[PDB]
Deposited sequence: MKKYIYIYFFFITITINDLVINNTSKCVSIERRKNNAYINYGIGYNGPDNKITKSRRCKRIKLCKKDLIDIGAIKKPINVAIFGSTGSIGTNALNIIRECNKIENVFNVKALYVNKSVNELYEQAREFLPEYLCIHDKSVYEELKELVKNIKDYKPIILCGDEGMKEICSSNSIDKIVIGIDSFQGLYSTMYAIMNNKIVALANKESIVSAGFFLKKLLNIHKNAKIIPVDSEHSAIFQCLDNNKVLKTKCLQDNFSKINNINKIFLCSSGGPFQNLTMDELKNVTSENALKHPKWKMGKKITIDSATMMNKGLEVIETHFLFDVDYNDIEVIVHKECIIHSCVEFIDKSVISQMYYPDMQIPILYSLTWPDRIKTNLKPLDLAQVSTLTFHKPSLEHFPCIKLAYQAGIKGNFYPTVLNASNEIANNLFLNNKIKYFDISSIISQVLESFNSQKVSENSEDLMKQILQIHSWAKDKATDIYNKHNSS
């Protein structure tokens, strides 16, 4: 009767917000069972969660802190969890029949690999790791066509908004990433809303001088904060929209909505538009991913629209935010160009973060790596397709660093 959940990345932002909303929903009735918690290396934080939630499974990716975890957990009386580590631990959790739904709030390799294993085990995947969809969208589509009872349910706020705007009567006849999703759902176009970031109103001359300290002074992780500032975040979310909802790139419109109340909107084929709105918020997207197709009661503050008073919309300047254009171009090229976009941006974002390059150098580097890449035939074998994605991702990061080194 309870929804049996695993949280991958349980000490990160998404994971901690998921546990917060689960704790609240479990106050009176047993709505969720927290079956498994996994972290990369935050052993002390994981032990504290284990004390509270007492999951059946605990897993830590970094095997150098496996013994530390086991020793900490011994102190919990009358608790004998299955304590695991590394990729093998992740696969064991994903394979458990006692787990229904998996929240993926880790990035990078562990994120893509856990997503893949969750799908291979026909789970419901509440996916918060947009970079998995960008890097490997065609591969995830292939896997979801094999593993018929698996589903990706979006958690990224804008994509949760789009999903909520749809009619569940139609959504239940398809699933995200499936060919023809937009036709079954009568989707014409998507308005993808953005905060615009901190640099949205600067002149070109001002924008040339910005630094990461300017971008880092709503509070989020450093990487995403930089991607919000360049609007590369939105570019990555355009690609994510294309894959999740089978919407053509020409039918995805970025709109800057600085109040961040409308989270995104869907235009249907009759030209009616449905939007989802709330304060900025991750509890609603996370909870909805775990309750869909139902909703359950929360104690969140109700939206006071009269207090909000004013909502504004404008189109972003592609001269000021060239990362948007690069993402459209990569997405439209398809093949492995999104993989290359993602990987090159990882390097360029970090160089800017660390004060090694200027704002317009971010897009310069990314553009040069995209122009250097040559289309490759897509492997038919799933395990070889994954190998190819990893090869291309590593090549694109090394290529970005080579461009930096040569200019330097």
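- Residues of the deposited sequence lacking C-alpha coordinates, numbered from 1, fall in the stretches 1-75, 293-295, 487-488.
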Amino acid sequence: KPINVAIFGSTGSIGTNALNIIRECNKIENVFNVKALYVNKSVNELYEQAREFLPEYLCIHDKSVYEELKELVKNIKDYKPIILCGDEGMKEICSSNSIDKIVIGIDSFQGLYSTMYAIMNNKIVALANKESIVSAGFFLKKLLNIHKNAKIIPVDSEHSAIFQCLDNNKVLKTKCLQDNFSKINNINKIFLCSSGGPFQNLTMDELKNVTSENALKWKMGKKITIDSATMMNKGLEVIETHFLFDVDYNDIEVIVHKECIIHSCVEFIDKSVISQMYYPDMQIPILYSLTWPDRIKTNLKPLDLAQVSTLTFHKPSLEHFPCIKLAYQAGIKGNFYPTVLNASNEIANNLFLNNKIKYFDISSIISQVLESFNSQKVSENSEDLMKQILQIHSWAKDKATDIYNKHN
From here on, numbers count along this sequence of modelled residues.
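Think of the rigid core as the biggest set of C-alphas that the two forms share within 1.5 Å after superposition.
- Core superposition of the other structures onto this form places the C-alphas of 207-215 farther off in 8 other deposited structures of this protein than those of the other stretch among 207-215 and 253-261.
- Taken in 8 other deposited structures of this protein and fitted on the core, 222-230 and 185-193 differ in how far their Cα atoms move from the shown form, and the one that moves more is 222-230.
- Comparing 87-95 with 330-338, the stretch with the higher mean C-alpha B-factor in the PDB entry is 87-95.
- Judged by mean Cα B factor in the deposited record, 43-51 ranks above the other of 344-352 and 43-51.
- Residue-level inspection of the entry shows that, of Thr312, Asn75, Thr115, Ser194, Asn75 has the top Cα B-factor.
- Highest CA B-factor among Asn209, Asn233, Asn188, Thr174, as stated in the entry: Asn209.
- Per the deposited record, the Cα B-factor of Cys265 falls in the lowest third when ranked against the other modelled residues of its chain.
- When all modelled residues of the chain are sorted by CA temperature factor, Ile296 is found within the middle third.
- Per the PDB record, residue ranking by Cα B-factor puts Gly137 in the middle third of the chain.
- In the deposited entry, the Cα temperature factor of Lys183 places it in the middle third of its chain's modelled residues.
- Compared with the other modelled residues of the chain, the Cα B-factor recorded for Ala400 ranks in the middle third.
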